[PDB]
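Here the structure comes first, spelled out in structure tokens, and everything after it is commentary.
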Protein chains: 2
Amino acid sequence: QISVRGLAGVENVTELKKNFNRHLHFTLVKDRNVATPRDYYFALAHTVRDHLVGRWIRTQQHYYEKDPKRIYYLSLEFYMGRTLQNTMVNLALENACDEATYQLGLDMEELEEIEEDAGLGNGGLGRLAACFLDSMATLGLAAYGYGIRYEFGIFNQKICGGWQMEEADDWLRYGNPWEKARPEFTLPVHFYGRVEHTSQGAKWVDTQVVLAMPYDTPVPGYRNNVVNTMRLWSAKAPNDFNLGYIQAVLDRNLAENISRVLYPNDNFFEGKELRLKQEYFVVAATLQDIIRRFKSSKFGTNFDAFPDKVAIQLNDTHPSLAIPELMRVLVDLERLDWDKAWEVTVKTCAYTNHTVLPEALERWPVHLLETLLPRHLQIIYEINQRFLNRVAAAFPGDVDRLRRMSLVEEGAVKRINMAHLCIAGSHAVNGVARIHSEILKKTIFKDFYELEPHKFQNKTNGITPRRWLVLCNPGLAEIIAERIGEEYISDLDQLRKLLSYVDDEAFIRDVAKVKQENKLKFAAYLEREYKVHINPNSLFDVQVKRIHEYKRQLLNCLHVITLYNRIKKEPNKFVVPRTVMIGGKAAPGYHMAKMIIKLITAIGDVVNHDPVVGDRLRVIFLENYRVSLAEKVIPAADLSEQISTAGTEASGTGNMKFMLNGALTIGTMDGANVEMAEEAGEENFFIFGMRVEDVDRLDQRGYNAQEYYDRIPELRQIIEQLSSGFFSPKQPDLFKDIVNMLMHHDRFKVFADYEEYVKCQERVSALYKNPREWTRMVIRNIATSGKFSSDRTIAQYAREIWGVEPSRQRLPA
Amino acid sequence: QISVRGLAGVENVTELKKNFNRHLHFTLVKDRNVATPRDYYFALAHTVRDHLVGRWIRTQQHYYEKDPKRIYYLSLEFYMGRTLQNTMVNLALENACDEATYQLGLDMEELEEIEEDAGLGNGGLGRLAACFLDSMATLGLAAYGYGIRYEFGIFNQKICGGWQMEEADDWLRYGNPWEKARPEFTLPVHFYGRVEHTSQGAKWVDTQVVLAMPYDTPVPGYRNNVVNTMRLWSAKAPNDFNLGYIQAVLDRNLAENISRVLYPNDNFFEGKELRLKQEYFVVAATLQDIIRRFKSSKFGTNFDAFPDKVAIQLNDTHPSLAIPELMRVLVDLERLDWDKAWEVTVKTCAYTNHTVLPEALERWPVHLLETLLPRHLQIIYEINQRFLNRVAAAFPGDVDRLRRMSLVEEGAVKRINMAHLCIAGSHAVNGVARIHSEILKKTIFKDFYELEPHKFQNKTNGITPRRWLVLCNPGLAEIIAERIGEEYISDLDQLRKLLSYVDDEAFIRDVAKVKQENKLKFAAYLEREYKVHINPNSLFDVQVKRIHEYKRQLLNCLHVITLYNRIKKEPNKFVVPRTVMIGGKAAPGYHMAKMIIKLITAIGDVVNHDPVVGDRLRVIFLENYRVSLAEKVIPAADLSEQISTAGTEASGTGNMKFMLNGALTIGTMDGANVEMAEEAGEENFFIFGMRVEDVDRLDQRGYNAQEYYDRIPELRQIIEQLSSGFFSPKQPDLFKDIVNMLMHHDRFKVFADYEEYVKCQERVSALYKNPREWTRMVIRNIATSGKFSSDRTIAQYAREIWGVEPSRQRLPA
Ligand SMILES: O=c1[nH]c(=O)n([C@@H]2O[C@H](CO)[C@@H](O)[C@H]2O)c(=O)[nH]1
Ligand SMILES: O=c1[nH]c(=O)n([C@@H]2O[C@H](CO)[C@@H](O)[C@H]2O)c(=O)[nH]1
């Protein structure tokens with residue numbers, strides 16, 4: 001049907017049809033008479049999978065022969081979503097499969113919906129890893145993603161009586177056609193035990209062994225015939241485990257619990273032993289695999305060349321144990337001297353920081369590490385001593401600097417600061433947006449920057465334009481390709497060419513047409529799947545992201561209520577109609593976030609059923625927000641809410657997705673919003689509120705929320721409504737915790753940005769009244785979104801950190 | 001190479017080779033440069049599997065169209081062994097695959113050894129179920145095996161310091177290419193809860209739900225294009241299970257533990273809750289599946305026709321809960337009246353008894369059933385009341401009969417006798433050999449036989465001649481086929497034609513040649529795999545079966561020591577050389593059985609290293625006895641030890657395997673030995689010892705072991721040797737428990753058969769000195785082994801119990 005979806009040749013369509021029928025028969029053991037739609041999905045997935053394997057085998061053959069420097073991306077999260085459409089896109093197979101399935105009497109889009117998300121992440125950090133894998137393969141890098149194969153990913157969110165309920169994400173129930181078990185590369189991982197000292201150094205003995213079994217998933221590059229590997233470890237008990245008899249077999253579960261479930265915390269540290277075990281498990285298995293691959297290479301014992309052949313990227317501090325584990329292996333097993341081992345480690349490792357929120361920083365109790373990983377604690381103590389000796393020599397007599405920079409934190413319970421470990425043991429430390437990287441050098445890591453300034457870098461985040469434009473918004477990808485060709489898909493900077501179409505009446509009409517179609521499709525999805533009705537002519541106002549106080553879903557709530565109250569006051573006055581959509585999951589133990597969800601639904605209950613409002617205002621909570629839902633809602637959005645308190649959202653990536661898909665942005669000067677506004681021009685963004693400097697000024701004086709309550713009558717009314725039980729008639733005090741937080745202990749200064757936010761929203765409504773000028777501003781956003789491709793991000797990592805050159809060159813097919 | 005292995009056509013070999021290469025590439029994601037032997041096994045298995053699916057689909061299509069009466073074989077054990085060679089045999093593919101793999105540069109026999117046994121059974125009962133599935137498919141019956149998919153089968157046995165050690169049989173580690181998950185037919189199973197009474201009868205409420213997910217494995221008939229199904233259930237927690245968050249997900253393990261591990265008890269009842277849950281789990285899921293299939297049929301609500309379309313065979317009492325579960329469904333859910341439901345149940349169910357040992361009988365505590373299955377207990381009480389009302393009417397005033405026949409056993413703890421439940425609720429009750437079925441009517445079920453004589457039948461056990469001749473002994477199958485053709489493989493009675501070859505000098509030579517080749521091959525296997533050396537010219541004296549006091553491995557031990565002591569007394573006297581091989585697993589909690597294993601190895605330690613003995617006597621313990629090992633050792637055997645105390649081994653099936661494979665039998669008149677001797681002629685068997693009647697006479701008088709000790713000097717010497725520490729110099733009292741048992745509390749009268757046993761063994765040695773006459777007797781055994789084909793057994797079940805006609809007719813290919 002459309003150009004960007006590739007060719008549907010007679011030869012290819014015929015071959016796909018017969019291979020589809022082969023899999024249905026031989027693989028699924030079914031025929032057309034008994035086959036369910038799920039069977040048809042699997043037949044298609046196996047058919048597409050077949051096209052991957054030849055390229056997969058020859059890519060890994062190529063790496064073995066050429067022996068390039070290998071990039072190892074270590075992450076506890078890979079938020080992959082669905083794989084079928086992505087694979088078709090990257091292989092130029094979409095139209096052919098569409099035709100083949102059409103001729104078999106099937107609707108391909110219907111089959112696509114059957115696939116489970118691989119929801120092995122929480123939000124931004126996990127999705128960044130997924131975008132990164134796509135870009136590394138597209139740029140021809142010899143890259144491997146290493147993580148854990150969770151049996152249960154992020155929970156499925158159900159809303160019951162307005163409250164969030166969690167259920168197990170049993171994503172492997174029907175099987176995963178994309179993965180290949182590799183039980184032949186199973187590796188032992190050690191826990192507990194004790195340290196023994198001999199003539200030949202230290203020995204870690206009396207350990208408990210858990211096996212790590214790898215599962216490999218292919219990662220196709222965009223039309224370059226490169227297929228890289230994501231290798232995820234699964235925990236397995238050894239066969240002599242605990243070996244009355246029956247109980248010993250049943251107790252195998254204890255070891256295998258390591259890879260059972262993803263910790264559902266977004267930007268929050270929980271110091272549980274099982275989490276620590278997960279972190280070491282991924283690190284220990286991965287490092288053995290890396291070293292094995294290094295020794296068994298065409299290069300040729302000598303670890304001097306280790307950093308020339310290996311780069312390890314730590315995604316946050318979660319895999320920080322890679323640093324002392326590498327030291328352990330090099331010193332204890334390979335018998336290298338400390339100084340040489342340390343040189344190798346530092347040159348190999350690099351660390352990406354994802355947040356400055358104190359509650360998200362990993363600080364492990366010494367007593368946990370003492371019991372679980374006794375040798376690693378000893379190594380960390382030695383790292384600390386040698387590091388602090390360097391600090392003392394650089395800043396003599398500065399005793400407070402010594403305590404501030406220590407990897408060991410003193411107190412009631414001694415803790416290890418994993419961020420400090422990462423900085424000391426890495427040759428590069430990066431933040432994820434310009435403002436964030438500056439904040440790191442000026443505030444939380446100031447001491448480290450003063451000691452080693454060369455270590456600190458910026459790498460602004462990005463998103464893959466394959467998943468986040470071509471896949472989810474084919475209508476927009478096509479109208480763009482009509483004007484400027486297809487090269488932009490792997491060179492997003494080419495979107496700048498669209499600036500010469502801002503006055504083109506044909507293009508203006510097509511851009512607006514694509515948005516309306518997307519909105520109609522999403523309005524239809526909501527009715528079919530959730531029996532909720534919306535007006536497709538209204539402004540689609542959306543905030544989708546994890547529920548967090550710093551992200552200020554509550555500020556959005558205050559605006560919604562302001563709009564409702566203004567309508568109730570002057571009912572016969574015209575207002576631009578809005579559909580306000582808010583979605584995202586709360587961590588199960590995060591009480592305030594659960595209360596915010598309940599608030600949003602409670603507002604909906606009042607607003608959506610008030611006859612005086614009509615279809616002028618609707619508030620909908622988008623249930624079970626996840627990658628597949630993002631692919632549907634983002635292309636449908638008109639307004640993107642990016643309203644974190646300045647200085648709290650390190651980068652954001654949802655913001656970039658909305659920009660690429662034709663939504664305008666209302667936001668604070670926070671994270672990547674700053675660079676987005678810079679790229680598009682401030683005139684083409686809806687920027688409001690305190691800057692970082694204004695927040696600091698308010699902190700020094702002291703934030704008093706009562707001041708705002710006293711001086712803003714519209715804000716006062718809302719607080720009275722919440723307190724009196726207007727939004728909860730049967731439980732009048734339901735939201736007392738929310739009011740109390742807002743009035744007395746609000747770390748994120750919701751009230752301080754309220755006035756500017758509401759006024760800015762008025763400007764948004766004004767522009768939306770003029771469709772032509774709205775669309776022209778939209779074109780100016782899309783056209784300048786090029787910087788935010790993860791291809792740009794990865795090229796910077798490659799050149800400035802990993803010391804490798806990207807390549808757009810095709811491998812032979 | 002050999003005729004019975006089928007044709008190796010140019011077309012077929014070419015097609016197999018290319019499909020092998022396809023699977024290696026697409027399925028395993030490998031090439032010839034990186035492939036391991038395990039990869040090659042899997043490529044072959046997938047290639048052979050492909051040939052099954054077409055036949056599998058059309059068989060199940062055929063059953064849906066013809067709607068025959070369906071046979072449901074319910075068992076907690078299916079001792080399947082390996083599947084690759086069996087599938088090739090039944091599909092006439094062995095020579096073609098042999099040729100195809102040879103041309104690819106691979107040895108097929110080497111690849112076959114890589115396959116894990118499906119060890120989902122303990123011994124005789126589980127292996128009988130496997131033979132039965134093979135015969136039902138071969139005889140064209142619409143039959144389904146239903147059981148549990150254990151994650152861990154029977155433990156792997158390691159011998160360490162002479163002691164048995166157990167390790168987990170992680171048979172699914174590398175995957176199972178033969179099974180197909182069918183998550184679409186997942187069914188809920190209920191536990192706990194309480195019974196509620198309404199106007200519309202009883203309701204079982206507040207239950208815990210566990211899901212049952214089926215996995216289907218194909219069961220090919222011998223060259224008839226029939227492929228039946230074995231459906232095994234796996235336990236799965238529902239997604240809202242226990243739904244702080246992390247622990248609730250981890251607690252899913254509790255529900256899923258139901259299908260985790262096979263209880264490793266052979267002929268011994270252990271009253272643990274997990275076992276009861278397993279028993280109900282298989283029954284509840286299976287019955288729902290049966291009823292679904294019955295309702296969704298081309299026949300056409302009315303349960304009057306249920307017994308005309310359904311037969312349920314209970315393999316022992318393990319699935320006895322089928323009786324009250326069927327009543328529950330019919331009465332509580334379908335709203336049939338009790339009397340009608342009961343008629344249907346009785347006409348549907350039939351029960352096979354496997355032993356008369358009191359310790360093996362299932363007697364469940366009422367308090368367990370009360371908590372776990374409250375509705376089932378109520379139904380059992382009602383069944384009991386109505387049954388005992390019938391007894392009272394038939395035998396008025398006989399109050400002791402009432403207590404004896406009750407399903408409820410009175411005492412300190414009330415128990416339900418599951419055997420009594422089975423008899424009351426089945427239209428047929430059978431023993432497994434003529435003597436066993438007679439014992440049932442005369443002793444343990446005498447009261448029931450008097451009430452309902454028509455119910456009691458015999459069905460002598462059998463073995464499949466596909467696995468137990470063609471597969472494991474191709475050399476013998478071939479020399480037989482040369483004379484009488486190939487028809488005997490599915491009509492074993494044709495072996496009688498071999499009686500006209502007993503004086504044929506060519507045949508005599510070939511039979512003896514096949515045995516020597518088998519012995520050389522097994523002697524080579526022992527050296528390669530266990531570094532143990534044996535003399536292939538010696539008599540191979542073997543006892544392989546589970547370790548049990550009733551099976552009297554201890555009597556064998558006494559003979560071995562007698563032979564050793566006689567050699568030591570007259571060293572320069574000629575004795576027929578023997579290799580005594582004993583193998584089998586002991587239940588982990590069975591102390592005495594573990595002591596017997598240690599004794600056997602301890603005798604070996606003395607005998608095998610005595611220079612005066614030389615290579616005249618060797619004692620070897622065969623480690624990890626299982627189906628695949630049986631296939632190797634049985635064709636190599638000269639002498640089969642079947643020496644259970646008369647009246648204790650219900651049938652035996654190992655005995656039949658040895659007879660079919662050219663070993664002579666030394667045994668008591670017990671189980672099927674009686675019918676074997678009857679078939680071959682007593683002159684061609686080595687029968688010794690007490691008959692059942694002699695055992696009873698000894699019991700009435702009182703068994704005094706001291707008498708035998710006092711009157712037999714050779715027996716006295718052995719007991720002194722055991723007591724003094726001759727076989728355990730460092731631990732002189734190691735075997736005190738064995739001696740004490742033998743002298744004071746021997747239920748199985750080892751001493752009473754000692755004299756006759758030793759004398760009979762002398763007669764065996766005498767015959768072995770004359771190779772020609774040994775072989776002639778062997779031919780007389782093989783020729784009369786026809787009755788013991790499981791095809792005969794299944795034909796009898798079909799005609800006399802299930803009311804269906806067997807068919808040797810081919811389905812179209
Ligand atoms: O995970 C890995 N998988 C591999 O196949 N290799 C190597 O690639 C070579 C060519 O495919 C193989 O010989 C193997 O050593 C490797 O080092 N790591
Ligand atoms: O386990 C079962 N699998 C099936 O396929 N069937 C039925 O067989 C028919 C023809 O293959 C199907 O329509 C299904 O109803 C069935 O009853 N039980």
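Residue numbering restarts at 1 in every chain; chains get A, B, ... in the order shown in the structure tokens, and ligands count up from 1 in that same order.
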Determine, using only C-alpha atoms and all ligand atoms, which residues of chain B have any atom at most 12 Å from an atom of ligand 1, and tabulate each with its shortest atom pair and distance in Å to one decimal place, rows ordered by chain and then rising number, as CSV.
```
residue,atom,partner,partner_atom_place_in_ligand_line,distance
B:29,CA,ligand 1,5 (O),10.2
B:30,CA,ligand 1,11 (O),8.5
B:31,CA,ligand 1,11 (O),8.6
B:32,CA,ligand 1,11 (O),10.4
B:33,CA,ligand 1,13 (O),7.1
B:34,CA,ligand 1,13 (O),5.7
B:35,CA,ligand 1,13 (O),9.4
B:36,CA,ligand 1,13 (O),11.2
```
* To do: Please give me, as a VMD selection string, the residues lying within 6 Å of ligand 2 when counting only C-alpha atoms and all ligand atoms.
  => (chain A and resid 34) or (chain B and resid 60 to 61 64 293)
Could you please take those selected residues and save C-alpha atoms as an mmCIF file, in the first residue's frame?
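That gives us result.cif:
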```cif
data_model
loop_
_atom_site.group_PDB
_atom_site.id
_atom_site.type_symbol
_atom_site.label_atom_id
_atom_site.label_comp_id
_atom_site.auth_asym_id
_atom_site.auth_seq_id
_atom_site.Cartn_x
_atom_site.Cartn_y
_atom_site.Cartn_z
ATOM 1 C CA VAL A 34 -8.801 -25.671 13.887
ATOM 2 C CA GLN B 60 -7.292 -37.026 15.222
ATOM 3 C CA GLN B 61 -9.335 -35.823 12.219
ATOM 4 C CA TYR B 64 -13.612 -36.699 15.080
ATOM 5 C CA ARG B 293 -14.750 -33.975 24.047
#
```
* Could you list, as number ranges by chain, every residue of chain A that has an atom within 6 Å of an atom of chain B, counting only C-alpha atoms? -> A: 167-168, 239-240
* Asked: Which polymer residues have any atom within 12 Å of an atom of residue 519 of chain A, counting only C-alpha atoms, with same-chain residues fewer than 3 positions away left out, as a VMD selection string?
  -> chain A and resid 473 512 to 516 522 to 526 534 to 541 579 632 to 638 662 to 663
With N, CA and C atoms retained, export the selected residues as a PDB file, in the first residue's frame.
```
ATOM      1  N   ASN A 473       3.766   5.258  13.150  1.00  0.00           N
ATOM      2  CA  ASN A 473       3.111   6.333  12.395  1.00  0.00           C
ATOM      3  C   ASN A 473       3.444   6.248  10.896  1.00  0.00           C
ATOM      4  N   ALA A 512      -1.989  17.655   8.813  1.00  0.00           N
ATOM      5  CA  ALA A 512      -3.218  17.732   9.608  1.00  0.00           C
ATOM      6  C   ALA A 512      -4.138  16.534   9.376  1.00  0.00           C
ATOM      7  N   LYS A 513      -4.155  16.037   8.140  1.00  0.00           N
ATOM      8  CA  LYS A 513      -4.934  14.853   7.770  1.00  0.00           C
ATOM      9  C   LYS A 513      -4.413  13.601   8.485  1.00  0.00           C
ATOM     10  N   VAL A 514      -3.092  13.433   8.499  1.00  0.00           N
ATOM     11  CA  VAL A 514      -2.457  12.290   9.168  1.00  0.00           C
ATOM     12  C   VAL A 514      -2.784  12.274  10.665  1.00  0.00           C
ATOM     13  N   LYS A 515      -2.768  13.451  11.291  1.00  0.00           N
ATOM     14  CA  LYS A 515      -3.103  13.567  12.707  1.00  0.00           C
ATOM     15  C   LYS A 515      -4.565  13.198  12.987  1.00  0.00           C
ATOM     16  N   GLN A 516      -5.488  13.726  12.182  1.00  0.00           N
ATOM     17  CA  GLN A 516      -6.912  13.394  12.337  1.00  0.00           C
ATOM     18  C   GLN A 516      -7.184  11.895  12.197  1.00  0.00           C
ATOM     19  N   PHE A 522      -7.380   6.025  17.169  1.00  0.00           N
ATOM     20  CA  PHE A 522      -7.222   5.863  18.615  1.00  0.00           C
ATOM     21  C   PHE A 522      -8.546   5.998  19.360  1.00  0.00           C
ATOM     22  N   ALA A 523      -9.416   6.879  18.872  1.00  0.00           N
ATOM     23  CA  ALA A 523     -10.771   7.022  19.410  1.00  0.00           C
ATOM     24  C   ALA A 523     -11.590   5.748  19.209  1.00  0.00           C
ATOM     25  N   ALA A 524     -11.326   5.049  18.104  1.00  0.00           N
ATOM     26  CA  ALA A 524     -11.967   3.769  17.807  1.00  0.00           C
ATOM     27  C   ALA A 524     -11.412   2.656  18.694  1.00  0.00           C
ATOM     28  N   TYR A 525     -10.098   2.682  18.921  1.00  0.00           N
ATOM     29  CA  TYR A 525      -9.430   1.713  19.792  1.00  0.00           C
ATOM     30  C   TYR A 525      -9.998   1.761  21.205  1.00  0.00           C
ATOM     31  N   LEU A 526     -10.193   2.973  21.722  1.00  0.00           N
ATOM     32  CA  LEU A 526     -10.726   3.181  23.069  1.00  0.00           C
ATOM     33  C   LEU A 526     -12.136   2.618  23.256  1.00  0.00           C
ATOM     34  N   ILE A 534     -15.020   9.216  23.229  1.00  0.00           N
ATOM     35  CA  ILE A 534     -14.368  10.529  23.180  1.00  0.00           C
ATOM     36  C   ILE A 534     -14.683  11.285  21.887  1.00  0.00           C
ATOM     37  N   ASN A 535     -14.564  12.608  21.949  1.00  0.00           N
ATOM     38  CA  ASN A 535     -14.757  13.483  20.798  1.00  0.00           C
ATOM     39  C   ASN A 535     -13.442  13.666  20.026  1.00  0.00           C
ATOM     40  N   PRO A 536     -13.361  13.116  18.797  1.00  0.00           N
ATOM     41  CA  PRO A 536     -12.128  13.152  17.997  1.00  0.00           C
ATOM     42  C   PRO A 536     -11.780  14.539  17.449  1.00  0.00           C
ATOM     43  N   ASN A 537     -12.685  15.500  17.614  1.00  0.00           N
ATOM     44  CA  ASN A 537     -12.439  16.882  17.199  1.00  0.00           C
ATOM     45  C   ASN A 537     -11.785  17.732  18.284  1.00  0.00           C
ATOM     46  N   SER A 538     -11.759  17.202  19.505  1.00  0.00           N
ATOM     47  CA  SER A 538     -11.168  17.898  20.642  1.00  0.00           C
ATOM     48  C   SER A 538      -9.640  17.849  20.592  1.00  0.00           C
ATOM     49  N   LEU A 539      -9.005  18.725  21.362  1.00  0.00           N
ATOM     50  CA  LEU A 539      -7.557  18.709  21.512  1.00  0.00           C
ATOM     51  C   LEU A 539      -7.173  17.516  22.392  1.00  0.00           C
ATOM     52  N   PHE A 540      -6.326  16.634  21.869  1.00  0.00           N
ATOM     53  CA  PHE A 540      -5.836  15.478  22.638  1.00  0.00           C
ATOM     54  C   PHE A 540      -4.637  15.884  23.503  1.00  0.00           C
ATOM     55  N   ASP A 541      -4.916  16.087  24.785  1.00  0.00           N
ATOM     56  CA  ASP A 541      -3.968  16.597  25.776  1.00  0.00           C
ATOM     57  C   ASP A 541      -3.477  15.383  26.568  1.00  0.00           C
ATOM     58  N   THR A 579      -9.719  16.533  25.256  1.00  0.00           N
ATOM     59  CA  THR A 579      -9.686  15.224  25.880  1.00  0.00           C
ATOM     60  C   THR A 579      -8.350  15.114  26.601  1.00  0.00           C
ATOM     61  N   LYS A 632       0.453   3.569  20.043  1.00  0.00           N
ATOM     62  CA  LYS A 632      -0.895   3.943  19.629  1.00  0.00           C
ATOM     63  C   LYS A 632      -1.263   5.378  20.028  1.00  0.00           C
ATOM     64  N   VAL A 633      -0.992   5.745  21.279  1.00  0.00           N
ATOM     65  CA  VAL A 633      -1.408   7.055  21.785  1.00  0.00           C
ATOM     66  C   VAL A 633      -0.529   8.225  21.296  1.00  0.00           C
ATOM     67  N   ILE A 634       0.782   8.011  21.196  1.00  0.00           N
ATOM     68  CA  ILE A 634       1.698   9.088  20.809  1.00  0.00           C
ATOM     69  C   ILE A 634       1.391   9.691  19.414  1.00  0.00           C
ATOM     70  N   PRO A 635       1.228   8.854  18.367  1.00  0.00           N
ATOM     71  CA  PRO A 635       0.822   9.438  17.068  1.00  0.00           C
ATOM     72  C   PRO A 635      -0.526  10.174  17.091  1.00  0.00           C
ATOM     73  N   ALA A 636      -1.367   9.876  18.078  1.00  0.00           N
ATOM     74  CA  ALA A 636      -2.682  10.502  18.197  1.00  0.00           C
ATOM     75  C   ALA A 636      -2.674  11.822  18.974  1.00  0.00           C
ATOM     76  N   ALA A 637      -1.553  12.159  19.603  1.00  0.00           N
ATOM     77  CA  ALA A 637      -1.506  13.309  20.512  1.00  0.00           C
ATOM     78  C   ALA A 637      -1.377  14.660  19.805  1.00  0.00           C
ATOM     79  N   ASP A 638      -2.052  15.668  20.353  1.00  0.00           N
ATOM     80  CA  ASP A 638      -1.888  17.058  19.935  1.00  0.00           C
ATOM     81  C   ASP A 638      -0.941  17.820  20.861  1.00  0.00           C
ATOM     82  N   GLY A 662       4.262  14.851  15.761  1.00  0.00           N
ATOM     83  CA  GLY A 662       3.363  15.961  15.434  1.00  0.00           C
ATOM     84  C   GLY A 662       2.520  16.507  16.570  1.00  0.00           C
ATOM     85  N   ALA A 663       3.018  16.382  17.799  1.00  0.00           N
ATOM     86  CA  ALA A 663       2.394  17.051  18.927  1.00  0.00           C
ATOM     87  C   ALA A 663       3.232  18.258  19.310  1.00  0.00           C
TER      88      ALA A 663
END
```
* For residue 7 of chain A, work out the shell of residues within 12 Å, counting only C-alpha atoms and skipping chain neighbours fewer than 5 positions away, then give it as a ChimeraX atom specification. => /A:1-2,12-13,88-89,91-100
How about saving the chosen residues, N, CA and C atoms kept, as an mmCIF file, in the first residue's frame?
```cif
data_model
loop_
_atom_site.group_PDB
_atom_site.id
_atom_site.type_symbol
_atom_site.label_atom_id
_atom_site.label_comp_id
_atom_site.auth_asym_id
_atom_site.auth_seq_id
_atom_site.Cartn_x
_atom_site.Cartn_y
_atom_site.Cartn_z
ATOM 1 N N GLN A 1 0.832 -1.240 0.000
ATOM 2 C CA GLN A 1 0.000 0.000 0.000
ATOM 3 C C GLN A 1 0.855 1.276 0.000
ATOM 4 N N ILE A 2 1.739 1.415 0.992
ATOM 5 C CA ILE A 2 2.599 2.603 1.101
ATOM 6 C C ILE A 2 4.083 2.309 0.845
ATOM 7 N N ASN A 12 8.481 -13.137 -3.666
ATOM 8 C CA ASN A 12 8.541 -13.053 -2.208
ATOM 9 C C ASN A 12 7.229 -13.409 -1.525
ATOM 10 N N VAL A 13 6.123 -12.889 -2.055
ATOM 11 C CA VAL A 13 4.788 -13.161 -1.513
ATOM 12 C C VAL A 13 4.453 -14.656 -1.592
ATOM 13 N N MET A 88 9.884 -6.897 10.697
ATOM 14 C CA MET A 88 9.428 -6.681 9.323
ATOM 15 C C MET A 88 9.943 -5.352 8.773
ATOM 16 N N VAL A 89 9.796 -4.286 9.560
ATOM 17 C CA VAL A 89 10.312 -2.963 9.178
ATOM 18 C C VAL A 89 11.798 -3.008 8.826
ATOM 19 N N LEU A 91 13.710 -5.429 8.027
ATOM 20 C CA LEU A 91 14.038 -6.370 6.950
ATOM 21 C C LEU A 91 13.366 -6.038 5.610
ATOM 22 N N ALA A 92 12.607 -4.943 5.571
ATOM 23 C CA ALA A 92 11.851 -4.507 4.378
ATOM 24 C C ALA A 92 10.806 -5.540 3.938
ATOM 25 N N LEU A 93 10.110 -6.107 4.921
ATOM 26 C CA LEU A 93 9.217 -7.244 4.701
ATOM 27 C C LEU A 93 7.741 -6.931 4.931
ATOM 28 N N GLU A 94 7.443 -5.713 5.377
ATOM 29 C CA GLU A 94 6.100 -5.377 5.848
ATOM 30 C C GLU A 94 5.001 -5.500 4.778
ATOM 31 N N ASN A 95 5.228 -4.904 3.608
ATOM 32 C CA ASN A 95 4.249 -4.965 2.512
ATOM 33 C C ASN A 95 4.050 -6.383 1.976
ATOM 34 N N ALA A 96 5.157 -7.105 1.818
ATOM 35 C CA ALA A 96 5.138 -8.499 1.372
ATOM 36 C C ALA A 96 4.357 -9.405 2.327
ATOM 37 N N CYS A 97 4.602 -9.264 3.632
ATOM 38 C CA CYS A 97 3.847 -10.019 4.638
ATOM 39 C C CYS A 97 2.382 -9.590 4.674
ATOM 40 N N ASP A 98 2.146 -8.293 4.489
ATOM 41 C CA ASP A 98 0.795 -7.750 4.416
ATOM 42 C C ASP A 98 0.039 -8.375 3.242
ATOM 43 N N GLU A 99 0.686 -8.425 2.079
ATOM 44 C CA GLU A 99 0.105 -9.033 0.880
ATOM 45 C C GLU A 99 -0.104 -10.536 1.057
ATOM 46 N N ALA A 100 0.940 -11.234 1.503
ATOM 47 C CA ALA A 100 0.891 -12.683 1.726
ATOM 48 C C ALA A 100 -0.240 -13.110 2.660
#
```
* Excluding segment 123-135 of chain A and any residue of its chain fewer than 6 positions from it, enumerate the residues within 8 Å of it, using only C-alpha atoms, and give them as a list in words. => residues 75, 76, 77, 78, 79, 80, 143, 144, 145, 219, 220, 221, 222, 266, 315, 354, 461, 462, 463, 464, 545, 546, 652, 653, 654, 790, 791 and 794 of chain A
